[PDB]
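Trainee: these chains are from a complex, not moved at all, and more is on the way:
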Amino acid sequence: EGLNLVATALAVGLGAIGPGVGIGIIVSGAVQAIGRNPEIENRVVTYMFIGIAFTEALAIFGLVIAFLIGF
Amino acid sequence: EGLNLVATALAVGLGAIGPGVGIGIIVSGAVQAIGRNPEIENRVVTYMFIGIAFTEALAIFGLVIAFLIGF
Amino acid sequence: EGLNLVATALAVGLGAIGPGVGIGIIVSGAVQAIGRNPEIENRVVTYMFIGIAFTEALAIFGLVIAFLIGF
Amino acid sequence: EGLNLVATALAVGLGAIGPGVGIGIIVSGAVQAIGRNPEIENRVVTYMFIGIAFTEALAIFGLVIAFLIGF
Amino acid sequence: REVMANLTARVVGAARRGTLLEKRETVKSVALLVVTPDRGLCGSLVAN
Amino acid sequence: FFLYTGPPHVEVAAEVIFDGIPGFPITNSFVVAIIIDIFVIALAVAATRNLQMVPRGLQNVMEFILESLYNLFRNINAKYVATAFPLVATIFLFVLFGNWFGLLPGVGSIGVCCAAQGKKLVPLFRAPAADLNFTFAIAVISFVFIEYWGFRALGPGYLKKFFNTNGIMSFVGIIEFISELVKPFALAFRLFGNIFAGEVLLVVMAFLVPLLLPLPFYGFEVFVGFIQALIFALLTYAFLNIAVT
């Protein structure tokens, strides 16, 4: 029946809110960090994308698994 | 039947929910602190690596649980 | 109909959710403190590691209970 | 059927989440107070210890009832 | 002056007592401020 | 290390009954409560001793504990620091005694007749903290004492704290009175859940691998019991002060 669709719904829904707000926390932290001191902006640039990449690596685990459920 | 499919979906989603906000706070604190002052960049980077390792540990635990339930 | 599958999935996910959100705030606070002053150094490292091990214990419970159902 | 197993999974996971997140804020406040007025090191040690002791008091309540469902 | 009194009372941690609050050990170099009249005829003040 | 054997089984219950019911209905909790009271009386008698200002001698420990409790109560408030001090000291070292004796050898197996039959082998320990009746009685007594103290200090204040808190429009009363009423039941349930949970843990967790699993569990349980006794003792004074305030 539609339990596979329930599985896709859970996969896309759960595991997305976590990284979804984690990204926001990352960028907000970087933003006030550079606002207080813009001379460290290069290091902030290096740290931002790697943190975003890791949280998005969790999100893509959430997404590609749902695609596997879809087959 | 379909119970395993939704089980895998729940496992991946609820294993991704935590580490997401985890790494988010990790990077926000790290970028804020390194924005406070340089010369501790190596130490904050080491603590950053410890944090990402500890979060991705639980991430891969959930991922491999879902992977094993896949078979 | 495969209730043990969803049971194991739920156990793993809802056991692994906690430590990420914990460790995030945990090391964020310590790294902000050390950025303020590097004197505490190892003293704060020691304060941090045991606190993280405390949530690692709950992660162990989450994994082990699922393992019992899994075998 | 495995509905009791699902009950054990729900109990252990949803009782691990609370203490798991809580102790993070506990020791984060502790290390923050270390970074600001570490004169209270003894006091913060005692107070964080009792606070966690409450947290895994809740956790062990969850774990023991989860075992009872499994019993 | 009482602002300094209160601030010194609050700040007790040696690590956080940086800047002009570091009672550094193993004294090596010391600076001194001497203030003198611009012109003479001041009496014995400059001699003192 | 290995725990090859010893994991016979696990069994728990809400409470345990005792003998002596013919002359007067006695439960195992009453036996435990009597033992705790006797131990407290013996400690007080030994603590009193010659009482000629003798330093140390194991009486200075009790004196220091009482002084610390008095200092805590004084810091909490001073209107009834003297009169109510014995009331709080009654809970102090009595709830502590109830928390103690749970880690005694065979605390959960004391008075069992015997796994062969178990016909009438009711465990006659039934830790006084691990009994709903004792906690309910203690909480009712504390609530009655707080209400009486509030009525005596400010009889109009106790009523005006709710009825006349805000006469116009809504008022803090009713909700405040309901919260205070739940506070006695909450305190009773707190003691009911505590100690009982520790015993359930010491049974179930130690039932599997009873080697260094029950050790940290019992340490945490003892710390939790002491914390709960102190919390109840301080909360009685806090409720009394809130009523006075």
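Mentor: Done, it's in. Numbers count the residues shown, from 1 in each chain, chains lettered A, B, ... in the order given.
Trainee: Might one say that residue A:52 is in contact with residue A:29?
Mentor: No: in this structure residue A:52 lies outside contact range of residue A:29 using CB atoms under 8 Å: 11.7 Å. In short, each C-beta sits where N, CA and C put it, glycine included.
Trainee: So which of those two has more stuff around it?
Mentor: Counted by other CB atoms under 10 Å in any protein chain shown, residue A:52 and residue A:29 do not tie: residue A:29 has more neighbours, with 26 against 19.
Trainee: quick one: that one from chain D, how far?
Mentor: Distance of residue A:29 to chain D, given as CB to the nearest CB, to the nearest Å: 15 Å.
Trainee: Residue A:34: what's it in contact with?
Mentor: Residue A:34 makes contacts with A:40-41, A:44, B:35, as judged by CB atoms under 8 Å, 6 or more residues apart in numbering or on different chains.
Trainee: So for the helix or strand where it lies, what gets flagged as buried?
Mentor: When elements are assigned from DSSP states H and E, residue A:34 belongs to helix A:17-36. By 16 or more other CB atoms under 10 Å in any protein chain shown, the buried positions in helix A:17-36 come out as A:18-19, A:22-23, A:25-27, A:29-30, A:33-34.
Trainee: Of the residues you listed, just say which sits nearest to residue F:209.
Mentor: Residue F:209 lies nearest to residue A:18 out of those, by CB to CB, at 34.2 Å.
Trainee: That closest one contacts residue B:15, doesn't it?
Mentor: No: look at residue A:18 against residue B:15 with CB under 8 Å: they stay out of range, at 9.6 Å.
Trainee: related to what we said a few turns ago, so how far is the helix holding residue A:34 from its chain's centroid?
Mentor: 11 Å (CA atoms, centre = their mean, to the nearest Å).
Trainee: Tell me which helix or strand comes right after it.
Mentor: helix A:41-70.
Trainee: For that next one, name the packing helices and strands.
Mentor: Packing contacts for helix A:41-70, counted by 3 or more CB pairs under 8 Å, 6 or more residues apart in numbering or on different chains; DSSP states H and E, involve helix A:3-13, helix A:17-36, helix B:3-36, helix B:41-70.
Trainee: try 6 Å this time
Mentor: In terms of contacts (3 or more CB pairs under 6 Å, 6 or more residues apart in numbering or on different chains; DSSP states H and E), helix A:41-70 is packed against helix A:3-13, helix A:17-36, helix B:3-36.
Trainee: Tabulate those (CSV), appending distance to residue F:21.
Mentor: Compiled in CSV, those are given as follows (distance: least, CB to CB, whole Å):
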stretch, distance to residue F:21
helix A:3-13, 56
helix A:17-36, 58
helix B:3-36, 52
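Trainee: what about residue F:39, how many residues close to it?
Mentor: 15.
Trainee: From residue D:18, how far out is it?
Mentor: Distance of residue F:39 to residue D:18, computed by CB to CB, to the nearest Å: 36 Å.
Trainee: quick one: contacts for residue 66?
Mentor: This is for chain A. Going by CB atoms under 6 Å, 6 or more residues apart in numbering or on different chains, residue A:66 touches A:8, A:11-12.
Trainee: at 10 Å what do you get?
Mentor: Contacts for residue A:66 (CB atoms under 10 Å, 6 or more residues apart in numbering or on different chains) come out as A:7-13, A:15-16, B:8-9, B:12-13.
Trainee: just residue A:2 next, same as before
Mentor: Residues near residue A:2 by CB under 10 Å, 6+ apart: A:8-9, B:2.
Trainee: So residue F:232 sits against residue F:138, correct?
Mentor: Yes: Residue F:232 lies in contact with residue F:138 (CB atoms under 10 Å); the separation is 7.9 Å.
Trainee: Let's add chain G too:
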Amino acid sequence: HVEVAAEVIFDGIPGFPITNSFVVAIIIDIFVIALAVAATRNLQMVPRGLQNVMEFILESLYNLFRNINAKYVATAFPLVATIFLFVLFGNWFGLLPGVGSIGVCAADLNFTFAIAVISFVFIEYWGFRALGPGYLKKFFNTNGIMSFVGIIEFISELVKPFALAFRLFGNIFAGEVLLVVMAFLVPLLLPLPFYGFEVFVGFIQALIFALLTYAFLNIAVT
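Mentor: Okay, here's chain G dropped in alongside the others:
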């Protein structure tokens, strides 16, 4: 008794004989034209009310857009002005203005989709016109390792106008449903100023749509 219904229609297909959305749009246009006629012919050097609407709406919006994006607010002034003086007026006409979908023998999905299509055409025309290849910038370029989601960002921008249309249709339709529910049970709005809350929500939604259009234009600028 609840009797609410969906007024979904096809803009591409010919107008229906009833044409509730078209009728509401015509009424709103007639009211706006009446106000413009009243403020234009009877216009003085320092008019009160007639010129007050202009000064406090058109000039205020122009100043806000210039503050947000100067020298681009001028270029897309017509788009933001068209977003303004409309939608909000249609909702005010549709806020139970003596009819309330009763006595019949923005909420339209097609209209919202067409408005978002106009917004996206504004993007494709003006945004990145100063660059030409701006739409390709930070999207699978040599630095695509850090800009892999850049094309995903463009898709979100493509989905941003669709969400704007959804927000135009949504809330506006909600207000209608809430008014219908209040009529079915607890009429005359509600204990709270339901009608006033709905009117304020519609005005805020129109202002937010205009600001979202201006912000999307600015984002396309850089």
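Trainee: so, the contacts of residue A:66 revisited with chain G in the model?
Mentor: Contacts were defined as CB under 10 Å, 6+ apart; by that measure residue A:66 touches A:7-13, A:15-16, B:8-9, B:12-13.
Trainee: how about the residues of chain F that lie near chain D?
Mentor: F:9-12, F:193-194, F:197-205, F:207-208, F:216-217, F:219-221, F:223-224, F:226-228, F:230-231 (CB under 10 Å from any CB of the partner chain).
Trainee: State the phi and psi torsions of the closest residue to chain E within chain A.
Mentor: Closest residue of chain A to chain E, CB to the nearest CB: residue A:37 (18.1 Å). Main-chain dihedrals, residue A:37, degrees, to the nearest 10: phi -150, psi 100.
Trainee: ok, and the closest non-adjacent residue to it?
Mentor: Spatial nearest neighbour of residue A:37, excluding adjacent residues (CB to CB, 6 or more residues apart in numbering or on different chains): residue B:35 at 5.2 Å.
Trainee: what do you get for residue F:225?
Mentor: residue F:99 (2.6 Å).
Trainee: you'd agree residue F:172 is up against residue F:180?
Mentor: No: Residue F:172 lies out of contact with residue F:180 (CB under 10 Å); the separation is 11.1 Å.
Trainee: Can you pull the residues that touch both of the two?
Mentor: Common neighbours of residue F:172 and residue F:180, using CB under 10 Å, 6+ apart, are F:161-162.
Trainee: the more surrounded of the two?
Mentor: Legend: neighbour count by other CB under 10 Å for residue F:172 and residue F:180, higher for residue F:180 (20 against 14).
Trainee: relative to helix D:41-70, how tilted is the helix or strand harbouring that one?
Mentor: For residue F:180, the element it lies in under DSSP H and E is helix F:175-207. With axes from the mean of the first three to the mean of the last three CA atoms, to 10 degrees as the basis, helix F:175-207 and helix D:41-70 are set at 70 degrees to each other.
Trainee: who does helix F:175-207 touch, helix- and strand-wise?
Mentor: Under the contact definition 3 or more CB pairs under 10 Å, 6 or more residues apart in numbering or on different chains; DSSP states H and E, helix F:175-207 sits against helix D:41-70, helix F:95-99, helix F:132-153, helix F:155-160, helix F:214-244.
Trainee: what's the most buried one of those helices?
Mentor: Greatest average neighbour count among those goes to helix F:95-99 (a mean of 25), per mean count of other CB atoms under 10 Å in any protein chain shown.
Trainee: for that one, the distance to its chain's centre please.
Mentor: 6 Å.
Trainee: and if you look at stretch A:9-19?
Mentor: Counting by CA atoms, centre = their mean, stretch A:9-19 comes out at 10 Å from the chain centroid.
Trainee: Just checking that stretch against chain B, any contact.
Mentor: Yes: contact of stretch A:9-19 with chain B (CB under 10 Å from any CB) involves A:9-19.
Trainee: Which of those ranks first by neighbour count?
Mentor: Highest neighbour count within the residues of stretch A:9-19 next to chain B: residue A:15, with 32 neighbours (other CB under 10 Å).
Trainee: nearest residue to that residue other than its sequence neighbours?
Mentor: residue B:16 (3.1 Å).
Trainee: can you pull the contacts of the one you found?
Mentor: Applying CB under 10 Å, 6+ apart, we find residue B:16 in contact with A:11, A:14-19, A:55, A:57-62, A:65, B:58-59, B:62-63, C:13, C:16-17, C:20.
Trainee: Equivalent analysis for residue F:114, please.
Mentor: Residue F:114 sits next to F:120-121 when contact means CB under 10 Å, 6+ apart.
Trainee: what's the answer for residue F:232, then?
Mentor: Applying CB under 10 Å, 6+ apart, we find residue F:232 in contact with F:88, F:91-92, F:95, F:135, F:138-139, F:142, F:187, F:190-191, F:194.
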